[PDB]
C-alpha cells in the first residue's frame, strides 16, 4: 500500500504545516502537524478542558464505531518551545492520504497549554520519529509509520515541504517526478529516537564551502534551522546590521535586507536554502526589525534541521532495518 497527502502552511510565515488526517468510523478529519521529531499522535478531543479549546476541530471517540479506550494508558509531552499536552488514549482507525492503519493509538488530550489553545489551525500532532520516543504509559505505543510499515510497498515516507506553498507527505514510495538529479543517502543514528544524521558542512551565500561534521536531526515539526553558534555567527555576519537580541530571543536583522543563501552538505552533495527562506518577517507588527530563520542551537543540546532547511529539499525517511535519510534538490 501507499498514501499521499498534501501539507499546507498554517500562516504566511510557514510557522508549521498541517495535513488532513481521517480518524474513526465514520471519518473525522483533523488537521495535524506531522512531526518527525516526536512520536505521539495526539488530538484535541471531546475530553479537552472546554476552556482550552478555541476554534480547533476535535476528535469525539464516542461517535466512532471503531474507537476503543486503551484502558489505563496515559500520555504527557512537551515541545521545543515549552508547550505541552496530556491525556488518555484510544485506539482507532487512522488514514493518511488513502493509507489506513487499524488499531492506531490516538492520544486524546485532556489538557493543552496556552499556545496550543491560541492556535486554532492545529488540531494535534502526528509523530514520525522512532517509536522509542512515544510517551504513552505504561504500554508504549507505535507511530503511524511504524504501524503502517509492514503494509507499505517500501518502508519509507517522504517530506516535500513548500516555501509559502503546499507540499506533500508520501508513504510507501518515492515520487521520482518530485525532485531533480539524484537522491543522496546518509546514515542515521536511532540511539536518541530521532532521525539523527551528520551534515558534511556549510557555505554562506557564494562563499567557499567549509567541510565540517555537523550532527543534527531532520525535524519537520521545528520551524527554524538551529545550528552551532559558530556557524550561525558566520551566516549573520554577512547581513549588515544583524545582531543577536536577548530581548527578542535570537538573531534579528533589518527588514530592508536581502539575505544570503545557506548551503548544507549531504555527503558530497549540497542543498541550497535561498535567502528568502531565512526571512521570518517583522518581530512585531509594523516593526522594521525582522526575525532570522537560522538560529543558534546553543542550549538545546542538539542541532535541528527544521522546516527552513527541509523545505529546500525532497527528503526521504527510510525506515528499513538500517534506517537512512535521503536528500535531493527540487
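Read-outs throughout are calculated quantities, based only on the coordinates presented, and are distinct from any laboratory measurement. Don't worry about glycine lacking a Cβ; one is built from the backbone with ideal geometry, like all the others, and counts go over all protein chains shown.
Check the range 150-169 and report whether any residue there is exposed (fewer than 15 other Cβ atoms within 10 Å of the Cβ), in contact (Cβ under 8 Å) with a residue 40 or more places away in the chain and assigned to a strand (DSSP E or B).
No, the range 150-169 contains no residue that is exposed (fewer than 15 other Cβ atoms within 10 Å of the Cβ), in contact (Cβ under 8 Å) with a residue 40 or more places away in the chain and assigned to a strand (DSSP E or B).
Which condition breaks for residue 196 when tested against (1) more than 29 Å from residue 182 (Cβ to Cβ); (2) within 24 Å of the chain's Cα centre (by Cα); (3) surrounded by 16 or more Cβ atoms within 10 Å (Cβ to Cβ)?
(1)
In the range 68-85, which residues are out of contact with any helix residue (DSSP H, G or I) (no Cβ under 7 Å at 6 or more places or on another chain) and closer than 25 Å to residue 102 by Cβ?
Matches in the range 68-85: 68, 69, 70, 71, 72, 73, 74, 75, 77.
Please report, ordered by residue number, the strands (runs of 3 or more DSSP E) entirely within the range 23-94 with at least 2 residues that are surrounded by 14 or more Cβ atoms within 10 Å (Cβ to Cβ) and more than 22 Å from the chain's Cα centre (by Cα).
68-78
Answer yes or no as to whether residue 201 is surrounded by fewer than 20 Cβ atoms within 10 Å (Cβ to Cβ), at positive phi and out of contact with any strand residue (DSSP E or B) (no Cβ under 8 Å at 6 or more places or on another chain).
Values: surrounded by fewer than 20 Cβ atoms within 10 Å (Cβ to Cβ): yes; at positive phi: yes; out of contact with any strand residue (DSSP E or B) (no Cβ under 8 Å at 6 or more places or on another chain): no.
Spelling it out, it is not the case that residue 201 is surrounded by fewer than 20 Cβ atoms within 10 Å (Cβ to Cβ), at positive phi and out of contact with any strand residue (DSSP E or B) (no Cβ under 8 Å at 6 or more places or on another chain).
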